[PDB]
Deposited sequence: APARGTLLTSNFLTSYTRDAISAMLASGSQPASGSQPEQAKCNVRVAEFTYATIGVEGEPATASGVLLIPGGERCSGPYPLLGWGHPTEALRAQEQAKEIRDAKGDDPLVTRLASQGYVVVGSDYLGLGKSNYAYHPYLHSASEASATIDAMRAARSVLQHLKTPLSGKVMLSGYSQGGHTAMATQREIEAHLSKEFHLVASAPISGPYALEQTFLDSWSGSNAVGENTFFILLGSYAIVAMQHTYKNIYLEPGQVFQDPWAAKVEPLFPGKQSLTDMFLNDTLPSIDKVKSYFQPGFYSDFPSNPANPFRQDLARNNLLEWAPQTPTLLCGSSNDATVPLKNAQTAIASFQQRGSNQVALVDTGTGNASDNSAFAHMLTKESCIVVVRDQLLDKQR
């Protein structure tokens, strides 16, 4: 099966323009009804072998919303529940999701892949924070969606845009880099707006390795760090033979099945499935824990480095969004990225900060606030202007 081939597609539900406006009034108003669709497609694994993945497709429509519509590829945030599908989540939430209320309702066709190893994908694990497969998964999700859209005769303008939140920001940028480098004829990319993504991946882990960074405590670090470790091992198979080489017991024997597994990140954190950040020294093996921040040859550190998104020159008008209150993914990531891009001859990337400006609000939880806040900001400041 050629990459991007549409295997199955199904329409779940639809939300009226008024119902969406009602949610927004709880005053921005929707201009489009929104149809929720799901689909599965052919794509590739981290070794280029065949694999499948699932995705979500939001289609705008309405008397005050005639086409043509731009196509926006979206990268979702860290997902530890293997079976999780975005389309069904939106359906369960009855349209209560910013992708519907802020973008699709305004005329943006939204396409998002559940990523390899998640949703309906047949991949044995999820290549968490793996630039190449995050990009290939997104690219192919967009290819399959275009087939669904063509069959429906949905009017597309031809313009393509990208965005994503958290891990999704990393996904969005990784996808942008891949398109510009090889697929500019297939995808006419006119705007990219990564949100709170760890572009300076390796340095981000180094900075929060103690459990806290310049911004504040990185509360979810044990969970996000463990996911990265297990994933990078799966992807590169160069960190350890037994989890016991990296984690202390009893965590060594229970960590791999969780990323991804039968538990959502919320579940794990609320029920202390893994120790809290203040007990990090009893979690990671002392050797590994001290070696990572002081040894650039550390295999996990090397795998993170291979997934940095700094060494290139963005050509698409880009707007990195995030918050100075964010202690989960420090805005330093965007700043470092900008400096790197400018040093490589690119002036296409801008930055916007949605933080309160009050250090009193710095927090790991300020991270989730950037999702809708930034969706709105990047849409108003960049996306709308590139339609």
Residues of the deposited sequence that never got C-alpha coordinates are 1, 28-36
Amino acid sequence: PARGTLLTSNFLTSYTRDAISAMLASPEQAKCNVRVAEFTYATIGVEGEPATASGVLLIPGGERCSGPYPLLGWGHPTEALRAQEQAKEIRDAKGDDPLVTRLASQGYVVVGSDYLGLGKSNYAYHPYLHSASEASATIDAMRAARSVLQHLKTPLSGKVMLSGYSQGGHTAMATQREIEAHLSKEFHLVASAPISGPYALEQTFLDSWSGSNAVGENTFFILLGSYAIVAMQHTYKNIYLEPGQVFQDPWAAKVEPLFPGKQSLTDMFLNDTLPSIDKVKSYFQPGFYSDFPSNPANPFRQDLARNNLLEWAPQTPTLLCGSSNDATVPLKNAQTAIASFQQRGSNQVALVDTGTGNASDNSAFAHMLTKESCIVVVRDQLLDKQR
From here on, numbers count along this sequence of modelled residues.
The stretch whose C-alpha atoms carry the larger average B-factor in the entry, 253-261 or 68-76, is 253-261
Mean C-alpha B-factor comparison - 214-222 and 123-131, higher one = 214-222
Out of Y236, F205, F292, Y283, which residue has the highest Cα temperature factor in the PDB record?
-> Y236
For the C-alpha B-factor as written in the entry, point me to the maximum among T328, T336, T52, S360.
-> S360
On the chain's distribution of Cα B-factors, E311 falls within the third called highest
Please place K279 in the lowest, middle or highest third of its chain by C-alpha B factor as given in the entry.
-> highest
Here the Cα B-factor of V376, set against its chain, lands in the third termed middle
Taking the entry's C-alpha B-factors for this chain, is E178 in the lowest, middle or highest third?
-> lowest
Where the record places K159 (Cα B-factor, split into thirds across the chain) = middle
